[PDB]
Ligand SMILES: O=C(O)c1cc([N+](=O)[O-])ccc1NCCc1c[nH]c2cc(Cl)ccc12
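Only one chain is included here, represented as structure tokens and corresponding to the form solved without the ligand.
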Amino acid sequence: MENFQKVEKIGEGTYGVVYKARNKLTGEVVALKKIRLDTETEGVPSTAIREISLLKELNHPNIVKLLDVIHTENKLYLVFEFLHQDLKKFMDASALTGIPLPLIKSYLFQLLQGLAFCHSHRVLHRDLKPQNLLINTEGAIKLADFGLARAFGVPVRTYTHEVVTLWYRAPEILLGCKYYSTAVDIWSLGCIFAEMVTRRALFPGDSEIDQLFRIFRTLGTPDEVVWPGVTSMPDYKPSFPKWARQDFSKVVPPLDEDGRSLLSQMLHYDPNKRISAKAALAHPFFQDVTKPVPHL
């Protein structure tokens, strides 16, 4: 509506556009997410219905704030607090330098606090990737883009098979488990943790089978001992090559022993044994954690 001046287009989706915008009356800078109802003869997209209803219940320093919803006939606007940029842009800007170890630890600690809050509130994020994570100038990072999020039951049922961006997608999803849960979010953060440390995507698959093999080649091909039930999974094949697990000194060279220990628990194959966000926060890796300021 008329009280926002559009500054620039900071994002795009098939759903609509995201603009940096300024409230003309108060001066407040916001991110403005436009969603097209008009090309919807189905009404309000379920993606928007979930994003809004779930964001309204999630109030936390490490989760982006939904300020307002403007629902007209032809359009739907979500108004969010504006943050300096997404973690992907930051990572690209840091590709040459590297992100200081104390900052990587701060960001992982914060992401884990936002995620533990989501899970305690029975929300799965399901799209944790660097471009959906937002940083400000004071050293904070927040979960964003809840468009794929879902409220889950205890215990879970079968939910949507197609979830999580390929590079960040957990093995139990690739192997077609009918049931998945909070562990898929922990897996994505594990991948993001490694990506911060090494300045490179950990498992940059160009297809589902390629994604799977990249994981196997690094963590070893899972068998019934490390992952009971795995050979019984719908997309598992006994003809998969058997690779041996690499040493983490090879995988994340810069990481100390505590860092390697945490990462490996976040990348555990068996979703049931994979570390929870709550437990991750209590890991020795975080005992010295500080909140340094990023360089932008």
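Rigid core (definition): largest C-alpha set, two forms, superposition within 1.5 Å. Numbering starts at 1 and runs along the sequence shown.
Although it is not shown, the form solved in complex with the ligand is what the next lines describe.
Three or more atoms of the ligand lie within 2.4 Å of backbone or C-beta atoms here once its pose in the entry with it bound is superimposed on the site C-alphas of this chain, so the site counts as blocked.
Distance criterion of 4.5 Å from any heavy atom to the ligand in the entry with it bound singles out 118 from the list 191, 197, 170, 118.
This chain is displayed alone, yet in the entry with it bound one of 140, 212, 104, 148 has a heavy atom within 4.5 Å of the ligand; that residue is 148. Using a 4.5 Å cut-off to the ligand in the entry with it bound, each of 33, 64 and 123 places a heavy atom inside that distance.
Within 4.5 Å of any heavy atom of the ligand in the entry with it bound lies no heavy atom of residue 96.
In the entry with it bound, the ligand sits within 4.5 Å of a heavy atom belonging to residue 55. Within 4.5 Å of any heavy atom of the ligand in the entry with it bound lies no heavy atom of residue 108.
The ligand is not drawn, but in the entry with it bound it has a heavy atom within 4.5 Å of residue 76.
Scanning 190-217 for heavy atoms within 4.5 Å of the ligand in the entry with it bound gives no residues at all. Core superposition between the shown form and the other one leaves every listed residue (68, 270, 256, 235) with a C-alpha shift below 2 angstroms except 68. Comparing the forms between the shown form and the other one on their rigid core, the Cα displacement of residue 133 stays under 2 Å. Annotation for residue 194: C-alpha shift under 2 angstroms between the shown form and the other one, rigid core superposed.
Annotation: Cα of residue 147 displaced by at least 2 Å between the shown form and the other one, core superposition.
Whereas the shown form places them at one spacing, the Cα atoms of residue 161 and residue 279 lie at least 3 Å farther apart in the entry with it bound. Whereas the displayed form keeps them at a certain spacing, the CA atoms of residue 154 and residue 124 lie at least 3 angstroms farther apart in the entry with it bound.
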